[PDB]
Every structure is written in C-alpha cells, then in structure tokens.
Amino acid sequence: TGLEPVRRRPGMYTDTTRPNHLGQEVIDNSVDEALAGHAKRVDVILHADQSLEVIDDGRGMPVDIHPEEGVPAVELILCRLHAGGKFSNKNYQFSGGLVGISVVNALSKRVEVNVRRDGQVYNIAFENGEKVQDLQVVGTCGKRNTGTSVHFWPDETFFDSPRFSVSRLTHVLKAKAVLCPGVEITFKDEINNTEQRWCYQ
C-alpha cells in the first residue's frame, strides 16, 4: 500500500518519541469541524491499554462512494498519504500546517472509525495500515446524532515509548478550547482515573 514508506521511516512523518502527535492529528481534524461551526463538543479518551479515542459531534467523516475508485470517502482519507505535511534538511525541519489521519493508520496495530450520519452508525476498521473491515452499518441512532469517533492503538515498535504524555496531551486540548471559543473539549484518563473539561467564553 502507499502507506508503506511511513512504516519504513516513521520519523519522517511523525514524532516517534511517544504517540502524542498521532493523537494531535486526530484532534486537529475534530477541531477543524468545530472551527467551521459543525461540532460543539470534542471528547478525548486515553484508554487503559494506552489507545486513544477522539470523538466529535460534527457532520461525520464523509461516507459517499467516489465513482472513479468505487470506495467510500472515509477509506480514501484513511489510506491516502498526503505529501509535504512534514519535511527536513540538515539545517531545517517543518511540520505540519493546514499531516493526515493516514499516518495514524500506517503506525497503528488497529484503527476503528465510527461515523454517525443520517440516523445510521457506520463502521470501518484497519490493522497495521491495512483494511480489515469494510464500511458497514452496525447500528442506528437519532437523525440529529451525527459525528465521528476515531479509536486507534499505536504500534509500540514505532515509538521510543508507547505511553501518551498526559501533560502534553492536556495542554494541546486546553490550547484547542482557547482557539475555538464555545467548543467544549473533554479528556478522560482511564489510566490516572481523572476527568477534565475546558470551555472558553
């Protein structure tokens, strides 16, 4: 797959110290929904197995079939590597700017995406960068209840430590609530057994 280079050279796509930047890529997407005026709340969850889950009540990642590839948008998004999200020379390094949940995919033993759209609950799954589960309807919900959950398990062999840095995570989420006044951002640490909420009028 086109995600192959990311797994050969993870350091050229992410910070391989710890999986935090993976987390920040998913959060950025949910906060983009808030910025356009579609999500009001972003819930983040550090699970006890050191996986991260990021839920927003936005429109839902798009699930329409692109005709030329005959696959749902959400899959294109998760599988397509974007160029120029991170770059380097021996004097200068940049990242990321206006990147990709696809690097999260490439560097995860599992990813699960759930999308609430039009009263349907859609599900797609990935393992080691490869699709293990086709987009499918696994439940129903209210027509008003829309948005996206991304749940991912970082592959520890790509990082110096598989552990999320709690203080780096929490500052990011605080920073995002400041950037988007009125959005509610929550963090639930199933490890340290804490609950946190930020909202700025």
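When you see a residue number, it is the position in the sequence shown, counting from 1.
Per the record, residue 98 and residue 99 are separated by a gap of 1 to 3 residues from the deposited sequence that were not modelled. As listed in the deposited structure, the average C-alpha B-factor of 169-177 and of 156-164 is greater for 156-164. Comparing 69-77 with 83-91, the higher mean C-alpha B-factor in the PDB entry belongs to 83-91.
Reading the B-factor column for the CA atoms of 30, 51, 149, 140 in the entry, the top value corresponds to 140.
Ranked by C-alpha B-factor against the other modelled residues of its chain, residue 20 falls in the lowest third. Per the deposited record, the Cα B-factor of residue 47 falls in the lowest third when ranked against the other modelled residues of its chain.
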